[PDB]
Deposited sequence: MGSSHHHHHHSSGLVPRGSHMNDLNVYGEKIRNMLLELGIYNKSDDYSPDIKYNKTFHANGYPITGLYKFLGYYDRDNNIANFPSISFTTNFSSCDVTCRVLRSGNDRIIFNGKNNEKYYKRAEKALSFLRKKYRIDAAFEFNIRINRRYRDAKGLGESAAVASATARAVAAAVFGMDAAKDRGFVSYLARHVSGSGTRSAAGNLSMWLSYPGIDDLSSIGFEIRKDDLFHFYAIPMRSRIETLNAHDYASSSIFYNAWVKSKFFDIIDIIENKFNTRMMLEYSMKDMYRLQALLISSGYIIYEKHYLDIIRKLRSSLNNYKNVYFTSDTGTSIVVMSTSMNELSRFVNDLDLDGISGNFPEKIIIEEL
């Protein structure tokens, strides 16, 4: 779309003027064969949420998104590049066709764009702080950790330390990986017609953030993109996203505005899914959201959100108000924090 491109480009110019965004630099492969590289990565929770791709082959989104990086789980990846052989993708000790299929797609991009004739061995470890739950942004943790390990092995440590370049690589695994690779509070710039190296994540800041807590819940995510995109309301959502992104940039990413927006956006996201016949709502989720909504008026600056799942993230600018809310409502979840250490190393 031409009007969407115009608004995307306006957003890009505003970000270039702020100095927080730059088109990513590109690198030439200099493969360190037979050496194991290790990297970690963290999941994300959406504030300005994302659903639907403009170009699903390159993972270009229809509009920009904003998330924060959490510690609800952690991913660690081991990568080894071989001159010959077959790719091996191990996920939590399992060698299943499902994981292979998702990996070989980002590796296809890598081999075609950079003319690489090599085999890849990946060992992915995700440690969750919950037994089972959806919508806690696990795919962003895998995408950022795999991108960091591949960047170190294929391009070198200099490239692996370049957050823009690593977000570019992470995007090819999962769109949300752009924001996990970039930092703790980050934005992914994306819109129709954007150049490949311009559609990346970048950090907004590492100060004046907030407190958060998750209520992990079971739900009956790649289908969420198709379901939302096919909604008759999808184009109206995409259009409003450009105006909302412009407004948050003009408001200098004010914390409380983003927290409030994330609550409104949770409802809009659910509405898009509902309008396509996908009911995200489960009985237990309904009981918790009614409890949460009913009590919000009695708290100051307490907000909550959900993504494509029933897990809820409760957020507040005050740690005491958050803990008071969690205790009074007897919520049984996990305390969150922004990760402090990104590891990228040759083993």
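Judged by missing C-alpha atoms, the gaps in the deposited chain sequence fall at residues 1-20, 241-242, listed in sequence order.
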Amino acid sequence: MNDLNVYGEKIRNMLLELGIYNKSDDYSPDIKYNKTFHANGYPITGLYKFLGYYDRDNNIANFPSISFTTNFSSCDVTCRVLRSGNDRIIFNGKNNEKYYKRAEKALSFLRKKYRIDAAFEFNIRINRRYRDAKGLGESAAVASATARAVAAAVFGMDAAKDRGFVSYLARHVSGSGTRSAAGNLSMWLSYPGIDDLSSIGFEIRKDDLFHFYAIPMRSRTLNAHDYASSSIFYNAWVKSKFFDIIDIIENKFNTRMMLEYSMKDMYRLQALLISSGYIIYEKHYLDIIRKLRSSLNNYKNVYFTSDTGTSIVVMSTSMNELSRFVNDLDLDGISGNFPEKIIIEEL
From here on, numbers count along this sequence of modelled residues.
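The PDB entry records a higher mean C-alpha B factor for 106-114 than for its counterpart among 106-114 and 143-151. Note on 294-302 vs 63-71: mean CA B-factor is higher in 294-302. Among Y53, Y42, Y48, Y281, the highest C-alpha B-factor recorded in the PDB entry belongs to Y281. Of the candidates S311, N58, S316, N320, the one whose C-alpha carries the top B factor in the deposited record is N58. In this PDB entry, the Cα temperature factor of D247 sits in the middle third of its chain's modelled residues. Per-chain ranking of the deposited C-alpha B factor places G336 in the lowest third. Split the chain's modelled residues into thirds by C-alpha temperature factor. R179 is in the lowest one. The PDB entry assigns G193 a C-alpha temperature factor belonging to the middle third of its chain's modelled residues. In this PDB entry, the Cα temperature factor of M258 sits in the bottom third of its chain's modelled residues, the lowest group.
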